[PDB]
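Accompanying notes for the structure given below.
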Number of protein chains: 2
Amino acid sequence: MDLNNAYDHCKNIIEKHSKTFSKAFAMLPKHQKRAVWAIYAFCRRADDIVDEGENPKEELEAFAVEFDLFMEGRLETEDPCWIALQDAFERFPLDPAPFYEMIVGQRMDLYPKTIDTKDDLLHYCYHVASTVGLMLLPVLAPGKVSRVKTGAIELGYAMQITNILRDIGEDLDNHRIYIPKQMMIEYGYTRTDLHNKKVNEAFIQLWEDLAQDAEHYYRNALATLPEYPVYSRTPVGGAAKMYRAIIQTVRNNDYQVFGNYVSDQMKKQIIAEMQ
Amino acid sequence: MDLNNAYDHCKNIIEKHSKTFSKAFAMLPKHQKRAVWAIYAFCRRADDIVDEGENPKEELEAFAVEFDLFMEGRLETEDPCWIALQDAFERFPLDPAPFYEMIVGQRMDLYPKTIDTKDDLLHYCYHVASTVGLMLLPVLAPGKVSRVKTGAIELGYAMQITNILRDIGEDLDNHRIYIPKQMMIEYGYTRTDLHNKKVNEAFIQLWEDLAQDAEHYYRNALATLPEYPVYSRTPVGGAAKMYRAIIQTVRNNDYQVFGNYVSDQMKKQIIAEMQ
Ligand SMILES: [Mg+2]
Ligand SMILES: [Mg+2]
Ligand SMILES: [Mg+2]
Ligand SMILES: [Mg+2]
Ligand SMILES: [Mg+2]
Ligand SMILES: [Mg+2]
């Protein structure tokens with residue numbers, strides 16, 4: 001298909017999978033918005049290989065090999081996701097380094113793994129979420145990447161910790177645990193408690209500890225918003241606040257994360273306030 | 001109750017929970033057999049606290065505190081398991097050190113944990129299984145403990161690896177994985193493969209690698225049997241060969257460990273051959 005229809009393919013992907021990020025980045029100007037769609041499609045395919053694919057090691061390495069060919073300028077394909085990403089790399093000075101780092105992060109979910117410390121958690125969050133922020137920065141803040149980089153990495157930490165805090169039960173059912181073992185020990189929340197899906201006072205202490213780290217990272221990220229160009233401030237600030245609002249959503253539902261999303265109306269409220 | 005009935009309480013525990021070890025150690029002379037029953041009851045209660053209890057951290061620490069009081073000679077109780085173990089410590093020169101080490105091993109299952117390497121696996125096997133061998137040695141080989149110690153530790157490795165190899169699916173359903181991550185990577189058996197309960201050629205390669213380590217440890221342990229007193233040779237050799245036979249049982253059932261036990265008749269055959 002042509003470039004317009006390849007980008008529209010990516011528009012469908014982001015709209016189907018993230019009401020938050022599709023709504024936030026729809027507010028960007030045309031070519032920046034389309035580039036975000038193409039970058040999102042790259043991230044979605046990598047994560048879905050590892051989290052939903054039936055042969056994730058072989059499929060992720062094949063994806064990595066395709067990205068190598070893409071970066072050499074030699075990938076000949078009819079895949080709309082690569083057609084769109086080719087244009088985005090041509091149109092904006094996208095840096096391949098965080099794209100490779102995403103793949104490093106996805107490799108971390110191929111085999112059994114225990115998060116021991118908060119440092120272990122941030123290492124994982126850096127490679128699977130902070131890298132997304134870094135992929136986007138040349139589109140969102142041309143010429144100002146080094147100025148906003150730290151806030152973008154920390155926004156990744158904030159969003160990934162939020163994701164983890166929302167998904168404790170979903171991940172448990174999928175035989176994954178991202179809560180640090182050392183905080184489980186600190187607060188006296190055992191593996192048997194977690195397996196029993198217990199929402200007790202120790203769980204809440206641990207959950208709030210992580211949530212407060214996320215809130216600190218969101219605050220640090222939002223402090224950098226004046227350094228973005230004006231046309232990126234509502235998209236980035238809106239994405240940040242809409243995703244942060246998952247935390248208070250869970251609190252308002254009494255920390256029940258073993259069975260949470262921000263309502264459509266609340267997303268509109270946050271976007272209006274940014275605007 | 002009196003001492004005879006306290007030991008009979010422990011006899012019921014071992015008979016209910018292990019046809020293999022009850023049958024093997026029933027062949028010991030009277031007082032050694034009864035001491036093994038009491039030691040088994042100690043190990044069973046510790047493991048069941050951690051693997052079946054609803055508050056395993058609090059309950060295991062309370063068990064540890066009771067054992068501290070027991071070792072000080074100050075535990076006043078009507079618990080038949082402690083009455084029997086008091087007599088066994090009085091009657092044979094039992095060493096408390098491996099009993100404490102068991103509790104260290106049980107603590108390892110209180111919180112999320114990933115076995116990375118074979119060294120990690122042997123560290124775990126030492127504390128939960130090798131320690132049982134060490135608790136028993138003053139009963140099984142009085143005056144000859146240092147001579148047979150290494151074989152007893154390695155018999156622990158052999159039996160625990162066998163247990164793990166039989167229980168991969170049972171442990172997975174309980175959100176535990178004891179297969180080393182580095183062997184999963186070596187053989188290309190992913191977390192998604194394991195979650196999918198796939199019995200493929202990579203699984204079999206990994207399973208056989210561990211089984212061959214266990215077989216080596218069984219061989220080393222059995223090589224020490226002539227150093228045991230005559231009355232312990234059939235109990236120890238019988239326990240070893242009956243538990244080893246789980247490995248070939250699984251092989252004969254095509255490695256299907258996601259849904260295996262040695263038949264009663266095969267246990268009798270092994271005991272007769274020892275005799
Ligand atoms: Mg993922
Ligand atoms: Mg995912
Ligand atoms: Mg998630
Ligand atoms: Mg156990
Ligand atoms: Mg057990
Ligand atoms: Mg077991």
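Order determines the names: the first chain of the structure tokens is A, the second B, and so forth; residues in each chain are numbered 1 upward, and ligands are numbered 1 upward as they are shown.
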Go through chain A and flag each residue having an atom no more than 10 Å from chain B; for those, report the closest pair of atoms plus their distance in Å to one decimal, using only C-alpha atoms, ordered by chain and rising number, as a tab-separated table.
residue	atom	partner	partner_atom	distance
A:50	CA	B:192	CA	8.6
A:51	CA	B:192	CA	8.5
A:52	CA	B:192	CA	8.9
A:53	CA	B:192	CA	8.3
A:54	CA	B:192	CA	7.0
A:55	CA	B:192	CA	7.5
A:56	CA	B:192	CA	7.4
A:57	CA	B:190	CA	7.2
A:58	CA	B:188	CA	9.3
A:109	CA	B:191	CA	8.2
A:110	CA	B:191	CA	6.0
A:111	CA	B:191	CA	4.7
A:112	CA	B:191	CA	5.9
A:113	CA	B:114	CA	5.9
A:114	CA	B:114	CA	5.6
A:115	CA	B:112	CA	8.6
A:116	CA	B:113	CA	8.6
A:172	CA	B:175	CA	8.3
A:173	CA	B:175	CA	9.0
A:174	CA	B:195	CA	8.1
A:175	CA	B:175	CA	6.3
A:176	CA	B:175	CA	8.8
A:177	CA	B:112	CA	8.0
A:178	CA	B:112	CA	9.9
A:179	CA	B:112	CA	9.4
A:180	CA	B:112	CA	8.9
A:181	CA	B:112	CA	6.3
A:182	CA	B:111	CA	9.1
A:184	CA	B:111	CA	7.4
A:185	CA	B:111	CA	7.5
A:188	CA	B:57	CA	8.1
A:189	CA	B:111	CA	8.4
A:190	CA	B:111	CA	5.5
A:191	CA	B:111	CA	4.7
A:192	CA	B:54	CA	7.0
A:193	CA	B:55	CA	7.7
A:194	CA	B:111	CA	9.5
A:195	CA	B:175	CA	7.7
A:196	CA	B:54	CA	8.7
Suppose we keep N, CA, C and O atoms; can you now write the selection as a compact mmCIF listing (two decimals), in the first residue's frame?
# COMPACT_ATOMS: atom_id res chain seq x y z
N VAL A 50 6.71 -11.53 22.58
CA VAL A 50 7.22 -12.13 23.80
C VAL A 50 6.08 -12.50 24.75
O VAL A 50 6.13 -13.56 25.40
N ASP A 51 5.04 -11.68 24.83
CA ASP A 51 3.99 -11.89 25.83
C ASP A 51 2.83 -12.72 25.31
O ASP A 51 2.06 -13.25 26.12
N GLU A 52 2.68 -12.86 24.00
CA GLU A 52 1.57 -13.61 23.43
C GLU A 52 1.99 -14.65 22.40
O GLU A 52 1.18 -15.52 22.07
N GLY A 53 3.22 -14.60 21.88
CA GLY A 53 3.62 -15.52 20.84
C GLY A 53 3.84 -16.92 21.38
O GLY A 53 4.11 -17.14 22.56
N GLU A 54 3.72 -17.90 20.49
CA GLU A 54 3.88 -19.29 20.92
C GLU A 54 5.32 -19.79 20.81
O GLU A 54 5.64 -20.83 21.39
N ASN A 55 6.19 -19.08 20.09
CA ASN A 55 7.61 -19.41 20.01
C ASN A 55 8.39 -18.11 20.19
O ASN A 55 9.04 -17.64 19.25
N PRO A 56 8.34 -17.51 21.38
CA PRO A 56 8.82 -16.12 21.50
C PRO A 56 10.31 -15.95 21.29
O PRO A 56 10.72 -14.89 20.82
N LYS A 57 11.15 -16.94 21.63
CA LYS A 57 12.58 -16.75 21.42
C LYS A 57 12.91 -16.71 19.94
O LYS A 57 13.60 -15.80 19.46
N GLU A 58 12.43 -17.70 19.18
CA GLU A 58 12.67 -17.70 17.74
C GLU A 58 12.03 -16.49 17.07
O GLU A 58 12.65 -15.86 16.21
N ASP A 109 12.06 -11.14 29.31
CA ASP A 109 10.84 -11.86 29.62
C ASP A 109 10.75 -13.22 28.92
O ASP A 109 9.68 -13.83 28.91
N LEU A 110 11.86 -13.70 28.35
CA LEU A 110 11.81 -14.98 27.64
C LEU A 110 11.96 -16.17 28.57
O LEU A 110 11.54 -17.28 28.21
N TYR A 111 12.54 -15.98 29.75
CA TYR A 111 12.94 -17.05 30.65
C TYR A 111 12.57 -16.65 32.07
O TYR A 111 12.35 -15.47 32.34
N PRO A 112 12.51 -17.62 32.99
CA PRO A 112 12.13 -17.28 34.37
C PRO A 112 13.05 -16.24 34.98
O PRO A 112 14.26 -16.23 34.74
N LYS A 113 12.47 -15.37 35.80
CA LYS A 113 13.19 -14.21 36.31
C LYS A 113 12.54 -13.76 37.61
O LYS A 113 11.32 -13.75 37.71
N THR A 114 13.37 -13.43 38.60
CA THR A 114 12.88 -12.85 39.85
C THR A 114 13.46 -11.45 39.98
O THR A 114 14.68 -11.27 39.93
N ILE A 115 12.58 -10.46 40.15
CA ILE A 115 12.99 -9.11 40.52
C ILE A 115 13.32 -9.11 42.01
O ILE A 115 12.45 -9.32 42.85
N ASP A 116 14.59 -8.87 42.34
CA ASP A 116 15.00 -8.86 43.74
C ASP A 116 14.82 -7.49 44.37
O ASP A 116 14.12 -7.34 45.37
N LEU A 172 0.48 -12.56 37.64
CA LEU A 172 0.55 -13.78 38.46
C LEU A 172 -0.09 -14.96 37.74
O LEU A 172 0.50 -16.04 37.66
N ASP A 173 -1.29 -14.76 37.19
CA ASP A 173 -1.95 -15.82 36.43
C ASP A 173 -1.12 -16.27 35.24
O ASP A 173 -1.23 -17.41 34.79
N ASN A 174 -0.28 -15.38 34.72
CA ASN A 174 0.64 -15.70 33.65
C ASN A 174 2.02 -16.10 34.17
O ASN A 174 2.97 -16.13 33.39
N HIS A 175 2.14 -16.39 35.46
CA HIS A 175 3.37 -16.94 36.04
C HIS A 175 4.53 -15.93 35.98
O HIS A 175 5.69 -16.30 35.83
N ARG A 176 4.20 -14.65 36.13
CA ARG A 176 5.20 -13.59 36.22
C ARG A 176 4.97 -12.77 37.47
O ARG A 176 3.82 -12.48 37.83
N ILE A 177 6.06 -12.38 38.13
CA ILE A 177 6.01 -11.52 39.31
C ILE A 177 7.04 -10.41 39.13
O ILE A 177 8.23 -10.70 38.93
N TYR A 178 6.59 -9.15 39.20
CA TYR A 178 7.51 -8.03 39.05
C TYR A 178 7.70 -7.21 40.31
O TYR A 178 8.63 -6.39 40.36
N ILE A 179 6.87 -7.40 41.33
CA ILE A 179 7.10 -6.88 42.68
C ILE A 179 8.47 -7.31 43.20
O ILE A 179 8.78 -8.51 43.19
N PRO A 180 9.30 -6.40 43.70
CA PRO A 180 10.62 -6.82 44.20
C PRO A 180 10.51 -7.75 45.40
O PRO A 180 9.73 -7.50 46.33
N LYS A 181 11.31 -8.83 45.37
CA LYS A 181 11.33 -9.76 46.49
C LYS A 181 11.73 -9.07 47.78
O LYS A 181 11.19 -9.38 48.85
N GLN A 182 12.67 -8.12 47.71
CA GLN A 182 13.12 -7.47 48.94
C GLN A 182 12.02 -6.61 49.56
O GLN A 182 12.00 -6.43 50.79
N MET A 184 8.80 -7.50 49.29
CA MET A 184 7.93 -8.51 49.86
C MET A 184 8.42 -8.91 51.25
O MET A 184 7.64 -9.00 52.20
N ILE A 185 9.74 -9.10 51.38
CA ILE A 185 10.34 -9.42 52.67
C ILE A 185 10.20 -8.25 53.65
O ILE A 185 9.88 -8.44 54.83
N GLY A 188 6.61 -8.10 54.78
CA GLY A 188 6.03 -9.34 55.27
C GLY A 188 4.92 -9.89 54.42
O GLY A 188 3.98 -10.50 54.94
N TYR A 189 5.00 -9.71 53.11
CA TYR A 189 4.02 -10.23 52.17
C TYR A 189 4.65 -11.41 51.44
O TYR A 189 5.55 -11.22 50.61
N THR A 190 4.19 -12.61 51.75
CA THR A 190 4.88 -13.81 51.31
C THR A 190 4.41 -14.24 49.92
O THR A 190 3.41 -13.75 49.39
N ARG A 191 5.14 -15.18 49.34
CA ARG A 191 4.69 -15.77 48.09
C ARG A 191 3.34 -16.46 48.27
O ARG A 191 2.48 -16.39 47.38
N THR A 192 3.11 -17.07 49.43
CA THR A 192 1.81 -17.71 49.66
C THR A 192 0.69 -16.68 49.75
O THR A 192 -0.41 -16.91 49.23
N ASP A 193 0.94 -15.53 50.39
CA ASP A 193 -0.04 -14.44 50.39
C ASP A 193 -0.38 -14.02 48.97
O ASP A 193 -1.55 -13.86 48.62
N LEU A 194 0.65 -13.83 48.15
CA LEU A 194 0.42 -13.38 46.78
C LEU A 194 -0.33 -14.43 45.98
O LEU A 194 -1.30 -14.11 45.28
N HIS A 195 0.08 -15.70 46.10
CA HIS A 195 -0.60 -16.80 45.43
C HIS A 195 -2.06 -16.88 45.84
O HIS A 195 -2.91 -17.23 45.03
N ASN A 196 -2.36 -16.55 47.10
CA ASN A 196 -3.71 -16.47 47.64
C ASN A 196 -4.45 -15.19 47.27
O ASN A 196 -5.59 -15.01 47.70
Proximity check chain A to ligand 3, 10 Å, nearest pairs one decimal Å, only C-alpha atoms and all ligand atoms, as CSV:
residue,atom,partner,partner_atom_place_in_ligand_line,distance
A:51,CA,ligand 3,1 (Mg),9.6
A:160,CA,ligand 3,1 (Mg),7.8
A:161,CA,ligand 3,1 (Mg),9.2
A:162,CA,ligand 3,1 (Mg),8.7
A:163,CA,ligand 3,1 (Mg),5.0
A:164,CA,ligand 3,1 (Mg),5.5
A:165,CA,ligand 3,1 (Mg),8.4
A:166,CA,ligand 3,1 (Mg),7.3
A:167,CA,ligand 3,1 (Mg),5.2
A:168,CA,ligand 3,1 (Mg),8.0
A:169,CA,ligand 3,1 (Mg),9.8
A:170,CA,ligand 3,1 (Mg),7.6
A:171,CA,ligand 3,1 (Mg),6.9
A:178,CA,ligand 3,1 (Mg),9.7
Output the selection as a PDB file, in the first residue's frame - C-alpha atoms for each residue.
ATOM      1  CA  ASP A  51       3.991 -11.889  25.826  1.00  0.00           C
ATOM      2  CA  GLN A 160       5.910   0.771  33.734  1.00  0.00           C
ATOM      3  CA  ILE A 161       5.609   0.733  37.537  1.00  0.00           C
ATOM      4  CA  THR A 162       1.984   1.844  37.105  1.00  0.00           C
ATOM      5  CA  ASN A 163       1.450  -0.985  34.598  1.00  0.00           C
ATOM      6  CA  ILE A 164       2.975  -3.496  37.028  1.00  0.00           C
ATOM      7  CA  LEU A 165       0.891  -2.191  39.955  1.00  0.00           C
ATOM      8  CA  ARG A 166      -2.333  -2.547  37.924  1.00  0.00           C
ATOM      9  CA  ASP A 167      -1.437  -5.977  36.548  1.00  0.00           C
ATOM     10  CA  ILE A 168      -0.206  -7.884  39.629  1.00  0.00           C
ATOM     11  CA  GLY A 169      -2.972 -10.469  39.328  1.00  0.00           C
ATOM     12  CA  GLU A 170      -2.939 -10.697  35.535  1.00  0.00           C
ATOM     13  CA  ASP A 171       0.823 -11.240  35.607  1.00  0.00           C
ATOM     14  CA  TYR A 178       7.509  -8.028  39.045  1.00  0.00           C
TER      15      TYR A 178
END
Step one, run DSSP on the backbone; step two, keep only residues of range 13-228 of chain B assigned to helix (DSSP H, G or I); then write them as number ranges by chain. B: 13-17, 19-25, 30-52, 56-71, 80-91, 96-107, 118-140, 145-166, 168-173, 181-187, 191-195, 201-223, 225-227
Would you mind reading off the distance between CA of residue 271 in chain B and CA of residue 10 in chain B, one decimal, in Å?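 Calculated distance between CA of residue 271 in chain B and CA of residue 10 in chain B is 22.4 Å.
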For CA of residue 158 in chain A and CA of residue 217 in chain A, determine how far apart the two atoms are, in Å to one decimal place.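 Interatomic distance here is 5.3 Å.
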Return the single residue from B:241, B:197, B:107, B:16 that is closest to residue 215 in chain B, with distances computed using only C-alpha atoms. B:241
